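Analysis of the macromolecular model
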Amino acid sequence: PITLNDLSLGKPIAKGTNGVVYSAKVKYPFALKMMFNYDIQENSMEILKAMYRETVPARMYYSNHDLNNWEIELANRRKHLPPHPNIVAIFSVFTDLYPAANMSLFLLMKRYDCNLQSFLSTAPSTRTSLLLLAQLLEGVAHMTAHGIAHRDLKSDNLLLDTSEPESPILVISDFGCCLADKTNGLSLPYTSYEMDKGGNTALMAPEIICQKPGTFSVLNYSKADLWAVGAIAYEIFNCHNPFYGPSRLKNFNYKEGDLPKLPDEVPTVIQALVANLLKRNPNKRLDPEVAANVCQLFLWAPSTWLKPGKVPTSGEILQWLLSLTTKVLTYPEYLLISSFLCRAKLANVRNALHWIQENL
Amino acid sequence: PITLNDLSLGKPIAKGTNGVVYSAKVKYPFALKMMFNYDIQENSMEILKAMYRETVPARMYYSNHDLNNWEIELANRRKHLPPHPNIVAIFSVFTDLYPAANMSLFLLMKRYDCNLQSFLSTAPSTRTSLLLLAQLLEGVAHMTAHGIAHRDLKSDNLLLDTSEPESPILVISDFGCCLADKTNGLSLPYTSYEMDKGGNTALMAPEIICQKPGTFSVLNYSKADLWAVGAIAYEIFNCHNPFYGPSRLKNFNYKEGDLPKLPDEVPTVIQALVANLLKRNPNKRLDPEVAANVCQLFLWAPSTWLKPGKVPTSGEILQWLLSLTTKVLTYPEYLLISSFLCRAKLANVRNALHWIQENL
Amino acid sequence: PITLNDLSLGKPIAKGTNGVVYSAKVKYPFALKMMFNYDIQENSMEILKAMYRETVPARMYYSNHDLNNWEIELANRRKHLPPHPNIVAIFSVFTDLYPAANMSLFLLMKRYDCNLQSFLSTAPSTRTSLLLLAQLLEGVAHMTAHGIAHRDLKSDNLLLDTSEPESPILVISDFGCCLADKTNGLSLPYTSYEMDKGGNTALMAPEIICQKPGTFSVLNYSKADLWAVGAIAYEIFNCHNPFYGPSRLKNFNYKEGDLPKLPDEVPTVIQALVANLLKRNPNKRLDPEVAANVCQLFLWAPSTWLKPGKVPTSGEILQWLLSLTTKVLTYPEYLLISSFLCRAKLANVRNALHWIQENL
Ligand SMILES: [Mg+2]
Ligand SMILES: [Mg+2]
Ligand SMILES: [Mg+2]
């Protein structure tokens with residue numbers, strides 16, 4: 001594992017009362033985030049959990065000292081998120097003192113070029129926007145498959161690699177508000193109103209903000225990130241996020257008719273996908289796995305599958321998947337497809353095909 | 001760094017829908033400007049950038065919370081303006097809630113006595129006017145040297161310290177419209193017509209207002225504040241700003257013959273400087289570094305340098321600069337001279353000498 | 001707050017070089033006055049102060065842009081006039097561009113049916129005239145109570161709602177000459193002769209016109225609207241305004257014997273009030289609060305209070321006030337009484353009683 005001794009720091013990227021991010025390299029394409037006071041004596045469990053959660057995507061842990069019982073319990077209760085092109089790259093996590101220049105938690109990450117809101121200050125291609133949506137959906141599908149909910153998706157913390165600015169790579173980052181417990185997965189008992197519910201923010205899903213507490217009384221997050229993707233899809237196709245601003249829809253009120261129409265540039269099928277995602281009732285919304293397939297099928301299927309027409313065969317699908325595997329053996333395009341093939345199960349690709357047919 | 005806890009508020013100085021300014025002190029010579037809704041959820045990026053830009057002259061930043069990515073990207077993309085006597089003193093910037101009596105941006109500043117248009121409600125000395133012009137020029141020279149353009153210079157936001165009312169201290173304030181980006185400096189790609197171009201106002205320079213958009217198609221701001229100084233110099237010598245009023249010259253139209261002649265009370269050399277600054281073509285206008293020098297030389301050079309006569313020697317110039325440093329080791333007079341010595345490069349003081357000789 | 005987006009224009013009511021008034025409605029009972037060139041760059045402060053003053057009765061302010069320093073200085077020096085039935089209803093004031101069809105000032109007001117001079121083109125009932133006079137007085141008592149002087153009261157800008165033409169509602173309008181400063185209230189330093197003194201017009205009170213300038217040398221406006229009311233009372237009871245016409249008394253000369261006698265139709269008590277109001281010396285004039293009570297007592301007191309007789313008791317007064325409060329729980333009649341009860345203090349209702357007794 002990489003620790004401090006293997007790397008050289010540069011200029012600060014950000015400084016704060018609660019921590020610092022430094023540029024870094026091995027001997028400046030890395031960022032080393034340091035969160036101070038990772039110590040049960042200097043902070044309560046709520047804050048330590050939040051610091052640890054940031055570590056949910058991490059590739060390796062390293063520890064100098066004997067782990068404290070609270071550290072142990074945190075680790076043993078946590079679902080791990082495997083690597084994925086659309087999830088932030090966190091290469092190492094270690095604990096360490098403020099020598100080597102407060103017990104401090106350290107995270108070594110890839111440096112990204114900008115966030116999504118910055119990249120959208122200039123309107124991208126309509127094709128670029130579909131790739132962005134596709135990657136965002138693919139990241140959400142990967143989290144949900146592994147019983148994790150981000151709970152704080154927003155423009156601000158989707159991070160981009162803008163080599164080839166016509167098609168960037170998008171990653172989900174900042175897992176400090178995430179749900180990742182082995183015990184309860186994506187369903188969370190909600191008994192007191194003063195309980196951690198994710199980011200108490202604009203893009204919390206209606207099924208989370210609206211829920212009243214009680215005795216199970218559960219909060220279900222299995223489609224909650226998807227709702228926020230819907231909002232975010234607006235920003236991705238050049239419009240205001242309907243739920244941001246001074247004249248501003250709210251997750252708990254909004255009637256589905258209040259939602260602005262999307263520009264005519266953005267395909268009809270995709271408009272429907274966005275409208276699906278933004279359904280208040282989670283039962284009415286697509287599975288993440290299926291919603292991701294919709295975007296991929298739009299991007300890569302035979303055109304006959306997309307036009308009303310249409311004979312779809314189980315054997316023909318598998319042939320088409322294999323044509324795709326050979327096609328990748330335009331770096332984003334490769335990533336999406338491999339990402340798509342990694343999870344393609346025959347059932348769900350038909351579900352997505354059937355959904356597309358019904359929306360024309 | 002100073003935060004709210006260290007200071008005590010008094011009467012409001014200004015009250016508005018978008019923010020409030022309060023008189024303040026440490027334990028009422030400070031002003032604490034508060035701008036509401038410094039939140040990506042309650043306002044769009046263009047408004048937030050405009051709030052942050054106001055911060056460009058700040059001496060210290062302090063943050064309670066962990067910086068959001070937009071805040072980080074803003075901070076890292078921004079050119080900083082070092083302290084300077086003719087630039088507004090902003091001692092602290094901090095982010096904070098509307099308690100402590102909306103996430104609000106806060107600016108702790110010096111309180112100044114009035115603006116330039118109020119001070120010029122009674123005609124000042126002709127000597128006072130030259131000190132005013134020198135200070136303004138010296139401020140613009142400092143901005144331009146650091147790749148920053150104010151874009152909204154005007155009587156209304158030039159602020160004065162009127163202890164010793166025969167000679168006040170002038171400062172440039174209200175950096176809300178400024179250009180201060182590390183990436184592009186003073187050259188700004190102008191691709192869409194619906195783009196922030198600075199204050200879309202009377203004293204935008206001809207080279208900015210007249211430029212049509214395209215594909216680079218660049219806006220060059222490197223002499224644009226200087227044009228505004230020219231217009232403002234009229235107000236400073238007791239005339240109407242040629243570009244203000246109902247019967248009014250317009251930056252885009254005006255031909256150089258349309259400009260009113262200045263009063264005979266204003267030295268001939270200074271009349272020419274003003275006529276230079278107000279040239280339509282930025283290539284015909286002096287560098288800021290040179291234009292500031294013209295005013296300084298008028299003020300402090302040996303009289304032989306100013307009369308037609310005149311042997312000027314590289315060694316003699318340096319001797320004269322060193323005579324000045326000793327002379328400052330009438331507080332405005334000290335500040336201007338030290339301001340001038342700080343930036344004096346030998347090339348530019350000769351250029352300024354040569355320019356004065358050619359205009360008599 | 002209401003802005004342009006909330007309302008739909010109709011026909012112009014008036015057009016000019018300096019601005020426009022449009023009929024308007026929310027989705028034509030409103031008027032939207034627009035004054036152009038509300039910009040320090042297109043007009044001098046004098047003209048802006050006069051545009052801003054028009055806004056003194058306004059119920060809400062709204063500003064799209066960051067307020068300029070001259071705007072700020074205006075707002076913070078200005079006394080606000082709370083709503084009142086006899087003061088023009090201005091629902092919103094906002095600043096905006098001349099697009100959306102010049103920075104322009106916008107005032108959204110109630111439409112009224114006519115002015116006083118038009119309404120008096122046919123002689124009204126002697127009872128109608130007392131209601132008019134009472135409302136006028138009530139408006140003045142409200143202004144003086146909040147340290148504001150209109151300084152341009154005249155038939156031309158008293159505006160009427162003429163539903164139930166037997167009894168109309170009168171409002172004082174057009175506050176563009178008014179004195180409304182926090183600093184000095186109704187006493188105004190008068191150091192130069194070229195100083196804004198209100199409408200420099202026929203109904204300026206003798207104490208204002210006759211005052212020579214100096215070093216305090218103060219103009220006292222506390223009984224000055226009252227004087228104009230006196231003149232206007234003639235118009236209200238079917239006579240020529242003594243101070244209007246080609247054969248014409250002047251506010252600086254007129255001897256109190258020169259005032260025409262009022263018609264025998266107008267009560268003797270009311271003749272005396274008018275004569276009191278038109279006394280040259282403001283110290284011999286009734287307080288506005290008392291003068292307004294005189295008219296009210298005439299209209300609503302027990303008849304025994306008005307005839308020479310008369311036992312008046314502090315407890316009995318209060319009982320009578322409460323009898324009035326019940327009587328209002330003929331819409332003008334309601335308004336007058338509520339207006340009178342809102343301000344009735346026991347001291348001043350006895351002062352008025354006492355004054356009525358001494359004038360028979
Ligand atoms: Mg041990
Ligand atoms: Mg966090
Ligand atoms: Mg501003």
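Residues numbered from 1 in each chain as written, not as in the entry; some residues may be left out. Chains lettered and ligands numbered in written order. Part of a larger assembly, values for the part shown. Heavy atoms only, no water. Residues with missing side-chain atoms left out of burial classes, pairs and counts.

This entry, as listed in the PDB, derives from X-ray crystallography and reports a resolution of 2.78 Å.

**Details of the UniProt feature "active site" in chain A**
Residues and elements named next belong to chain A. The cut-off we apply is this: UniProt positions are given in the numbering used here, feature names are shortened, and annotations may be inferred rather than shown by experiment. For the purposes of this entry, the term helix denotes a DSSP run of H or I that reaches at least four residues, the term strand denotes a run of E that reaches at least two, and both are numbered from the N terminus. Any two residues whose heavy atoms approach within 4.5 Å at even a single point are treated as in contact.
Look at the UniProt record and you will see "active site" annotated at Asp 152. Looking at where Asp 152 falls in the secondary structure, it is placed in the loop between α4 (126–145) and β8 (158–161). For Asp 152, the contacting residues outside a window of four places in its chain are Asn 157, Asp 174, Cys 177, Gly 199 and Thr 201.

**Quick word on the sheet that holds strand β4 (residues 61–63) of chain A**
Residue and element names in this part refer to chain A. Stated formally: We treat two strands as partners when DSSP finds at least two bridges between them. To obtain an axis, a line is fitted to C-alpha atoms, over the contacting stretch when the element is a helix, and the angle between two such axes runs from 0 to 180 degrees between their N-to-C directions.
One open sheet accounts for six strands, arranged β1-β2-β3-β6-β5-β4; its pairing is mixed. Looking at which strands have only one partner, the edges of the open sheet turn out to be β1 (7–15) and β4. Shown here is a sheet whose adjacent strand axes are inclined to one another by a mean of 25 degrees, direction ignored.

**Let's talk about the UniProt feature "binding site: ATP" in chain A**
Residues and elements named next belong to chain A. To keep it simple, the criterion reads: Classification of residues uses two cut-offs on accessible area relative to the type maximum, computed with a 1.4 Å probe and protein chains only: under 20% is buried, over 50% is exposed, and between them is partly exposed. Each polar contact in these results corresponds to two N or O atoms within 3.5 Å; when the atoms are within protein, one needs to be able to donate a hydrogen and the other to accept it, and residues that are neighboring in sequence are counted only if both atoms are side-chain atoms.
Under the UniProt annotation, the feature "binding site: ATP" is placed at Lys 33, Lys 110, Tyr 112, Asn 115, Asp 156 and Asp 174. Topologically, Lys 33 is positioned in strand β3 (residues 30–35). Among the residues examined, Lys 33 registers a relative accessible area of 21% and is labelled partly exposed. Excluding residues that lie within four positions of it along the chain, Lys 33 makes contacts with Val 20, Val 21, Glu 54, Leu 105, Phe 106, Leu 107 and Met 109. A polar contact of 2.4 Å, which involves the side chain of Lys 33, links it to the side chain of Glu 54. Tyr 112 sits in the buried class, given a relative accessible area of 13%. Apart from residues no more than four positions distant in its own chain, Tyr 112 is found in contact with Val 88, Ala 89, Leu 159, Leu 160, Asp 161 and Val 171.

**Some remarks on the side chain of A:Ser92**
Residue and element names in this part refer to chain A. Topologically, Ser 92 is positioned in strand β5 (residues 90–96). For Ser 92, a relative accessible area of 2% translates into the label buried. A polar side-chain atom of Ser 92 sits 3.4 Å from the main-chain carbonyl oxygen of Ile 2. The residues contacting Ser 92, other than those within four sequence positions of it, are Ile 2, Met 60, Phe 106, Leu 107 and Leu 108.

**Looking at the packing of aromatic side chains**
To keep it simple, the criterion reads: Classification of ring pairs rests on two measures: the distance between centres of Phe, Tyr or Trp rings, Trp counted by its six-membered ring, which must be within 6.5 Å, and the angle between planes, read as stacked under 30 degrees, edge-to-face over 60 and tilted in between. Should the NZ of a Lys or the CZ of an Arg lie within 6 Å of a ring centre and within 35 degrees of the ring normal, that charge is described as sitting over the ring.
Taken as a whole, this structure holds 30 aromatic pairs over all chains when the rule is applied. A centroid spacing of 4.9 Å and a plane angle of 15 degrees characterise the contact between C:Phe94 and C:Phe106, whose relative ring orientation is stacked. An identical accessibility class is assigned to C:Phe94 and C:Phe106; each is buried. Over the aromatic face of B:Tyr28 sits the side chain of B:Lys25, whose NZ or CZ is 5.5 Å from the ring centroid. Note that C:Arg151 overlies the ring of C:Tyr221, its terminal NZ or CZ placed 5.1 Å from the centroid.

**Digging into the interface of chain B and chain A**
Chain B puts 16 residues into the contact, and the matching count from chain A is 19 residues. Examining the composition of the side of chain B that touches chain A, we find that five residues originate from one element, helix α2 (residues 69–76) of chain B, more than from any other.

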